[PDB]
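Okay, structure first, notes after.
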Amino acid sequence: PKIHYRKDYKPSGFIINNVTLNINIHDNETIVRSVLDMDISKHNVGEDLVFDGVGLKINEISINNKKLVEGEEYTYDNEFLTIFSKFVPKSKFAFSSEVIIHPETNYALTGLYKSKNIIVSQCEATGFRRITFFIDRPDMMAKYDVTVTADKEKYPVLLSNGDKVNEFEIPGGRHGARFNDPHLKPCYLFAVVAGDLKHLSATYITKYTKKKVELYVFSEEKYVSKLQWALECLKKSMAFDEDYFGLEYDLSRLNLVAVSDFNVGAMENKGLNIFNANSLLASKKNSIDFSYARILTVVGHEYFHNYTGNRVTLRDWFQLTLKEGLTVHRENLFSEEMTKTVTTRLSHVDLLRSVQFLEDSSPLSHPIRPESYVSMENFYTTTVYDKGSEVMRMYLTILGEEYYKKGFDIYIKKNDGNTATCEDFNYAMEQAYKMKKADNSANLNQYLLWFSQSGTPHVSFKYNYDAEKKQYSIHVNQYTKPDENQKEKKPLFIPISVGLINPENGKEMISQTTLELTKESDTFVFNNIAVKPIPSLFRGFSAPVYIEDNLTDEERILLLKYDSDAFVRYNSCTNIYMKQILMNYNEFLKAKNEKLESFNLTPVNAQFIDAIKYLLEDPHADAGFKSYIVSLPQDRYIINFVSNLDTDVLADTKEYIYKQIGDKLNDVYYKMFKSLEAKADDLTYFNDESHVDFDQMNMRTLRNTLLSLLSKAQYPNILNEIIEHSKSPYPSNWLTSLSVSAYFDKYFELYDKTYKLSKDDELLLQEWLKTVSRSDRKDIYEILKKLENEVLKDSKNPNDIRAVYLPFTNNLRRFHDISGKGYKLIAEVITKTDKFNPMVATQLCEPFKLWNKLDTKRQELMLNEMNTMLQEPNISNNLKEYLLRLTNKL
Ligand SMILES: CC(C)C[C@H](NC(=O)NCc1ccccc1)C(=O)N[C@@H](C(=O)NO)c1ccccc1
Ligand SMILES: [Mg+2]
Ligand SMILES: [Mg+2]
Ligand SMILES: [Mg+2]
Ligand SMILES: [Zn+2]
């Protein structure tokens, strides 16, 4: 396989200054005429001129109006167009091509494609070469003049990046529009849209310079009323970047467009952000609550790229985390500020420690700046995004808000209108660090290891207290396991945000402080500590590490109850659960392997259960926090701590633990489920798509979490509550009624009822499909066949395919059926899907990532399916690279 290496980066021998496009859309073909105004760079050594160009049909090629001919002056192999150096001018020249492409058959949703009745592009990472020839890499920055023509009745709205400078009629019922983007950009930020779109709009006045910006949000006609919240989220995003970072929008207009068929969430094309409809469109009558947080996140994320990715872009793709990690971090500050609930930060931690930690202990493990790739599309990972964001967040923790803003400003100003690397960011942060320490000898050279070193660090603690001296010490060790990226791992710069809790009264003993661990180990000593404390470690989750707190369950309970930091309270709970899960797992596993007729299980700690009740019954504690404490840790978090995992034993372990706790707390759960009703389901703002109460949404989350626990328990008469819940005006409630009815005979009537409520809204149907897919049903395989035949059918909509299959793959008991039938089903879907959408096919591989963590029979079954997929003729390069890496062949 053809491998690109980070160390091999070289600037091009060519420059592309201006791109002038005519994109002429017809029913059965699109013709793209492109003039590239080019030049020879200072790095040129008289090499061939090689363009990327994939699946293009050439009508004509010229340089300076001299026609070039295949086999004489160029060769084209369906991937690369090579102009022989003899015909490459030695100074400024115009390269002209005309090619034919076919959006109407492009089911891979990269390049130019048709999504229902909208023509749309996706160019990041290597999609522009599917539209026309280019030197298709992010340091080739240029300015774009883009004309789009089409049938006016079918395609009345035409959009491309930047200022619309002309609109005109064309004979035969056609029309055109011309766009000029005055900002230099890489080709991955090119976009075009054509469709029968409707919009909402507003005007936004920038804060410092008072520039008037027209904001448009677009969709198909049917769903125009689902655009309001997105528009409001955009205004919120613009205000945040002004308020926190001082950054203003830089064009007269910004368009957001929803399309039904999209590989990911959204895309930051300059002035023309394109979204998966599931991450732009919502209405309160037709969407679950989580759609509102999702849209707020994705709109924000794309908006924040306008600086972190667009105005300062990437030198090369190995720098991806510089824009994605930093944009995730920006979006997280934005979301925490807009929601003002502790669950926003916890949800990010939850995601990282489950999905990203599993990735980092898998054969796919990579540093946030990879050393190599085959398909760049495989490096759009939770490691690059989520670990990346935590690395970018550590700078804020180390510097504090004031100096963080200073360093960010240095970065954004110095590199504006240009490419940048991860070193450029670290250098800006180092400047701020020197100012903060007041010491121009301070440096962040060590910090670079967060970019280059793979794996999750393990941080462990030992404590000592001397009562006579009133002096307390925290001794800290860090360890990262050797792996295929580094056989010797080096110590990182780990910022450890700490407090100290007095166990006797539950109060804070020190001003909060950040310990700067830079060695393999260090001891931090505190004076005037008046009683032996309980340490509150890694507040806010201050570095992306495995924490070994070395606390007893008695100490962890006291943090759970009395600590100020939501993360440490939640982590203390997590650790109590993990200790219990590991113990019970081992007990069940030994009894299974030894074929025992009888054995013991270690009960759940009774003081812990009491602490859960005390928290739940506290009217002034947070509803969102509560839903986290009654839930066990996610399965992917749990698996990071077990080798040779028997999934069936783990499923038995979880059930025992949940049952122990419910046998004590179910009456409390029921009483809270009833008492939360009035506030949770209050209809204030139910007609206001500009405002969401995130606290109230957390109350609904908690009710629905409680209802699941009570349903699984068969609590007396709970079916009655389930039927009532099915009449709620909130889809979050009435789809939960479906999910929780799985434990009762009523399941098929609620399946019909909710289907009928969901079936006329494309996105609500997809949420229904997920609700069915993750239903705790013994007959789930027969239900999936019914979905396939009655609803999914032959859809190529990635959202439909992902809705049916991915929730099911999280069913620990059924997906990991010891027959292998779960593995076989998902592998067939992957292979089926790979024949038209390689990106989506790789996304569907995600359940296989943990294969080498499983018991040996399940390893063998998964491995057999992976090798079967690898033997598929014409397997994409995406899927092949992914599977070869995952199976330790690459
Ligand atoms: C916008 C973001 C909140 C959602 C999503 N993120 C990921 O795909 N994250 C990586 C990941 C996370 C979890 C599991 C697996 C992967 C996504 O749509 N990414 C885009 C992107 O970065 N748009 O700016 C984008 C644009 C272009 C190509 C890819 C992705
Ligand atoms: Mg083609
Ligand atoms: Mg404002
Ligand atoms: Mg559809
Ligand atoms: Zn992004």
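If you read the sequence shown in the entry's author numbering, its first letter stands for residue 196, the second for the next number, and so on.
Backbone N, C-alpha and C fix where the C-beta goes; we use that ideal spot for every residue, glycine too.
Give the DSSP-derived three-state secondary structure of residue i in the structure shown.
i: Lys657; result: strand
i: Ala738; result: coil
i: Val240; result: coil
i: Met335; result: coil
i: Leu987; result: helix
i: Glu750; result: helix
i: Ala637; result: coil
i: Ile400; result: strand
i: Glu792; result: coil
i: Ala786; result: helix
i: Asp340; result: strand
i: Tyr599; result: helix
i: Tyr200; result: strand
What do you reckon, are the CB atoms on residue i and residue j nearer than 8 angstroms?
i: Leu754; j: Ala806; result: no
i: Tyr757; j: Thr848; result: no
i: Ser923; j: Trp929; result: yes
i: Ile226; j: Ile313; result: no
i: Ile469; j: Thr344; result: no
i: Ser970; j: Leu897; result: no
i: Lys684; j: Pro677; result: yes
i: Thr578; j: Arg510; result: no
i: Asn458; j: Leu304; result: yes
i: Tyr1077; j: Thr1026; result: no
i: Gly495; j: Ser584; result: no
Let me check you understand the geometry: is the CB of residue i closer than 7 angstroms to at least one non-hydrogen atom of ligand 3?
i: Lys402; result: yes
i: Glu532; result: no
i: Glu443; result: no
i: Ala908; result: no
i: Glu319; result: no
i: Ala937; result: no
i: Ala397; result: no
Comparing alpha-carbon positions, which option in the options lies nearest residue i?
i: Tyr487; options: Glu427, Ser291, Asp744; result: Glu427
i: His370; options: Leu395, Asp376, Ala425, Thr342; result: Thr342
i: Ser716; options: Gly701, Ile729, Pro730, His653; result: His653
i: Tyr308; options: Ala386, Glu983, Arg332, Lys359; result: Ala386
i: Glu299; options: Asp222, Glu944, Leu644; result: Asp222
i: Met336; options: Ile211, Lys417, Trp1046, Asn640; result: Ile211
i: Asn273; options: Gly857, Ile258, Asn788, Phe246; result: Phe246
i: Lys338; options: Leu1045, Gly504, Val230, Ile253; result: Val230
i: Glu812; options: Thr797, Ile776, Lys859, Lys866; result: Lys866
i: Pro739; options: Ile913, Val544, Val360, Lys518; result: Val544
i: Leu591; options: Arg201, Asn464, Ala623; result: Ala623
i: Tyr853; options: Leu827, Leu964, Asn621, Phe762; result: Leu827
i: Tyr403; options: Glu789, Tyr575, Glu437; result: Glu437
i: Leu442; options: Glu944, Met462, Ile607, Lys393; result: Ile607
i: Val388; options: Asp243, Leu353, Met533; result: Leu353
i: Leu777; options: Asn839, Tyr765, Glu789; result: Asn839
Taking only heavy atoms of ligand 5 into account, decide whether any of them is closer than 7 angstroms to the Cβ of residue i.
i: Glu463; result: yes
i: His500; result: yes
Sorry if obvious, but does the Cβ on residue i come closer than 7 angstroms to a heavy atom of ligand 1?
i: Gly460; result: yes
i: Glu519; result: yes
i: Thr577; result: yes
i: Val550; result: yes
Please determine whether the Cβ atom of residue i lies at a distance below 7 angstroms from any heavy atom of ligand 2.
i: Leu307; result: no
i: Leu1081; result: no
i: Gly250; result: yes
i: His370; result: no
Regarding residue i and ligand 4, is the C-beta to nearest heavy atom distance less than 7 angstroms?
i: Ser934; result: no
i: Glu416; result: no
Can residue i be considered in contact with ligand 6, in the sense that its beta carbon sits closer than 7 angstroms to one or more heavy atoms?
i: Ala434; result: Looking for ligand 6 in the displayed structure turns up nothing; the ligands present are ligand 1, ligand 2, ligand 3, ligand 4 and ligand 5.
Write down every uninterrupted run of the beta strand (DSSP E) in the region 447–501 whose length is 3 residues or greater and which is fully enclosed by it, in chain order.
448–454, 467–471
Entirely enclosed beta strand (DSSP E) segments - the region 255–331, minimum 3 residues
269–271, 275–278, 288–296, 306–310, 313–317
Of all the alpha helix (DSSP H) runs that stay within the bounds of the region 408–444, which reach a length of 4 or more residues?
423–435
Can you list, in chain order, the stretches of the alpha helix (DSSP H) that have 4 or more residues and sit fully within the region 856–891?
872–875
If you scan the region 507–568 from start to end, which runs of the alpha helix (DSSP H) of 4 or more residues do you find wholly inside it?
515–534, 538–546, 552–555
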